[PDB]
Amino acid sequence: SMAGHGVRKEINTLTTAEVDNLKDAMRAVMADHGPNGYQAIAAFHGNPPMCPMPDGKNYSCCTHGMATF
Amino acid sequence: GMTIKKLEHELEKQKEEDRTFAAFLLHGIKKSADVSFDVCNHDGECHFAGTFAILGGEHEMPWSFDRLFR
Amino acid sequence: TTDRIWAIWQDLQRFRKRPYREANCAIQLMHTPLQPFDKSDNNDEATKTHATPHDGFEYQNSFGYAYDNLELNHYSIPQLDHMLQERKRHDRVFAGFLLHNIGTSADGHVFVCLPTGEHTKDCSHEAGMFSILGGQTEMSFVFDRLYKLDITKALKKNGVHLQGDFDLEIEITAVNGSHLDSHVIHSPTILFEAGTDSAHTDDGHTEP
Ligand code: CUO
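Structure determination for this PDB entry was carried out by cryo-EM, with a resolution of 9.00 Å recorded in the header.

(A) How the structure looks around the overall build of chain B. Looking only at helices and strands, chain B features one helix and two strands. Taken from N to C terminus, the helices and strands of chain B fall in the order α-β-β. By the compact-globule yardstick of 11 Å for 70 residues, chain B is too spread out, its C-alpha radius of gyration being 17 Å. Seen through its principal axes, chain B has C-alpha atoms that stretch 45 × 40 × 25 Å. Taken over 70 residues, chain B has a buried fraction of 10%. Within chain B, counting contacts between residues at least 6 apart in sequence, those at least 24 apart form 48% of the total. With the model as given, the accessible surface of chain B reaches about 6,000 Å², and the carbon-plus-sulfur share is 55%.

(B) Representation of the UniProt feature "disulfide bond" in chain A within the structure. The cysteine pair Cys51 of chain A and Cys61 of chain A, annotated by UniProt as disulfide-bonded, shows a sulfur separation of 2.0 Å, below the 2.5 Å cut-off, so the bond is present here. Here the residue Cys51 of chain A occupies a position in strand β1 (residues 51–52), and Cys61 of chain A occupies one in the segment after β2 (58–59), the gap between them amounting to 10 residues.

(C) Examining the UniProt feature "disulfide bond" in chain B more closely. The sulfur-sulfur separation between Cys40 of chain B and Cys46 of chain B, a disulfide according to UniProt, is 2.0 Å, below the 2.5 Å limit, so the bridge is formed here. For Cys40 of chain B, a relative accessible area of 38% corresponds to the partly exposed category.

(D) Summary view of the nonpolar core. Residues and elements named next belong to chain C. Among the nonpolar cores identified, the biggest contains 15 residues, and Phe97, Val112, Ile151 and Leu155 are the most heavily contacted of them. Secondary-structure elements contributing two or more residues to this core are β1 (92–97), β2 (106–113) and α6 (152–158). Excluding anything up to four places from it in sequence, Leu155 contacts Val93, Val112 and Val160.

(E) Local environment of the interface of chain B and chain C. Contacts between the two partners involve four residues from chain B and, on the opposite side, seven residues from chain C. When the area that chain B buries against chain C is broken down by residue, the three leading residues are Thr3, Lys5 and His9 of chain B, summing to 84%. Linking chain B to chain C there are zero residue pairs in polar contact. Per-class residue counts for the side of chain B that touches chain C are no nonpolar, two polar and two charged.

(F) Seen up close, the packing of helix α1 (residues 2–16) of chain C against helix α5 (residues 77–89) of chain C. Residues and elements named next belong to chain C. Two numbers describe how α1 lies on α5: the axes approach to 10 Å, and their chain directions differ by 75°. In this view, α1 runs roughly perpendicular relative to α5, as classed from their interaxial angle. Here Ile8, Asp11, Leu12, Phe15 and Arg16 of α1 lie close against α5, whose contacting residues are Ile77, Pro78, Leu80, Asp81 and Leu84. The residue inventory of the contact of α1 with α5, partitioned by class, reads seven nonpolar, no polar and three charged.

(G) Representation of unusual backbone geometry in the model. Cis geometry marks the peptide bond from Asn47 of chain A to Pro48 of chain A, where omega comes out at 0°. Secondary-structure assignment places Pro48 of chain A in the loop between α2 (38–45) and β1. A cis geometry characterises the amide bond from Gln35 of chain C onward to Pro36 of chain C, with omega recorded as -5°. Tracing the sequence through the fold places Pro36 of chain C in the loop between α2 (27–31) and α3 (45–49). Of note in the backbone geometry, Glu118 of chain C takes a positive phi value of approximately 70° without being a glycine.

(H) Representation of the pattern of salt bridges. On inspection of all chains with the given rule, the structure shows eight salt bridges over all chains. Close ionic contact of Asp66 of chain B with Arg67 of chain B constitutes a salt bridge, the shortest N to O distance being 2.9 Å. This pair shows no difference in class: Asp66 of chain B is exposed, exactly as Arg67 of chain B is. Linking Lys121 of chain C and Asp122 of chain C is a salt bridge whose minimum nitrogen-to-oxygen distance equals 2.8 Å. When its relative accessible area of 35% is taken as the criterion, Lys121 of chain C is described as partly exposed. Salt bridges linked by common partners bring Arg92, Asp150 and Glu193 of chain C together as one network.

(I) How the structure looks around the sheet that holds strand β3 (residues 128–132) of chain C. All names here are of chain C. Taken in spatial order, the three strands of this open sheet run β3-β2-β5, and their pairing is antiparallel. With one partner strand each, in any of the chains shown, β3 and β5 (167–174) form the two edges of the open sheet. Here the average twist between neighbouring strands, direction ignored, is 20°. The sheet contact formed by β2 and β3 spans five bridges and is antiparallel. Counterpart to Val110 in the pairing with β3 is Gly128.

(J) Quick peek at the interface of chain A and chain B. Counting from both sides, the interface comprises seven residues of chain A and, opposite them, seven residues of chain B. Taking both sides of the interface into account, the surface hidden between chain A and chain B amounts to around 650 Å²; carbon and sulfur atoms contribute 70%. If you sort the residues of chain A by the area they bury against chain B, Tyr59, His64 and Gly65 of chain A come out on top, with a joint share of 54%. Where chain A packs against chain B, one counts zero salt bridges.

(K) Molecular detail of a nonpolar patch on the surface. Residue and element names in this part refer to chain A. Judged by side-chain polarity, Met26, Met30, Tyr38, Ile41 and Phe44 come together as a nonpolar surface patch covering roughly 480 Å² of accessible area. Residue assignment for the nonpolar patch shows that the elements contributing at least two residues are α1 (16–31) and α2. Sort the elements by how many residues they give to the nonpolar patch and α2 lands first, with three residues. Residue classification places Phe44 among the exposed positions, given a relative accessible area of 51%.

So, how was this worked out
- Residues numbered from 1 in each chain as written, not as in the entry; some residues may be left out.
- Chains lettered and ligands numbered in written order.
- Part of a larger assembly, values for the part shown.
- Heavy atoms only, no water.
- Helix = DSSP H or I, 4+ residues; strand = E, 2+ residues; numbered from the N terminus.
- Rg over C-alpha atoms; globule rule 2.2 N^0.38 Å.
- Buried < 20%, exposed > 50% of the residue type's maximum accessible area, 1.4 Å probe, protein only.
- Contact = heavy atoms within 4.5 Å.
- Areas by Shrake-Rupley, 256 points an atom, 1.4 Å probe, with all protein chains shown as cover.
- Disulfide = S-S within 2.5 Å.
- UniProt positions renumbered as here; feature names shortened; annotations may be inferred.
- Core = buried A, V, L, I, M, F, W, Y, C linked by side-chain atoms within 4.5 Å.
- Buried area = accessible area lost by both parts, 1.4 Å probe.
- Polar contact = N/O pair within 3.5 Å; in protein donor to acceptor, adjacent residues only side chain to side chain.
- Nonpolar A, V, L, I, M, F, W, Y, C, P; charged D, E, K, R; others polar.
- Axes fitted to C-alpha atoms, helices over the stretch in contact; angles between N-to-C directions.
- Parallel < 35°, antiparallel > 145°, perpendicular 65-115°, else oblique.
- Salt bridge = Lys/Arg side-chain N within 4 Å of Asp/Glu carboxyl O.
- Pairing = 2+ DSSP bridges.
- Patch = residues over 30% accessible without salt bridge, like charges linked within 9 Å, V, L, I, M, F, W, Y side chains within 5 Å.

Below, the structure written as structure tokens:
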């Protein structure tokens, strides 16, 4: 099983193996076209705009200037 | 370096002294901007008060803070 | 349920590929017959045959009773194994108690007090507690080994490291609520447990 919790650690303490895996994983992430792709995820933040408002207007999804941020 | 317990202690220490603050009311200014403000005496002598930034862009959702930024 | 958990451990053991029905500890005790099961007072023939604890391990077919499911907290056996490993991941510090449980049952509470206040938390007073069941009737028994309890979370919370000097304070209370003299009981030890990867030293040089 590959499960458990992920560990987020400091960047300055970069361990070569860790960095390699990240770079490779990121590379693959960037490559994939799928919805769980780099482009798709990035889209959530702002452009292209992912959010609909009921008028049909499109706006950036990220919540800023709010408690929810 | 501080531990949680330590940090809390550190923070309280800050509380001990009186402080003066400038408060800003911020709302969506349709863009990202950097603000710098200085405190000036009547003389006109000024010193750099501080800086804060606003992240934004077109098609941002509208927002306004309920309270002031200190 | 406790018996079921024992069974659970047993099945996990096989996952580990350790022998399921094999104990290589307290060999002397295992062979001993277990009274009163041994005696005629016990009509149950199966139990009498079962008296040696060694035979006890295989509940299945011996006892002829099964459990609907052998899982802990809805975790599959393989799931538990994986779960166990994760726990292993972090370094851990434990307090060990030598239990010479004697007298009536009592509850014990303990926490590690730190020498300073200030910024640092005062005595958390809640390392954890364990209880011991007992009565006057009980035959004297002493644990061969220490009883380990994982202090790590609390210690980290207080922000102490393993190295940090700290004392352990223990309070023993009877069910009655009478305080028991802690002096007689030996103080608990602090053990630090790490995985294979251990730390290298600052002072001195390990490699030649
Ligand atoms: O950008 Cu939307 O917040 Cu960091």
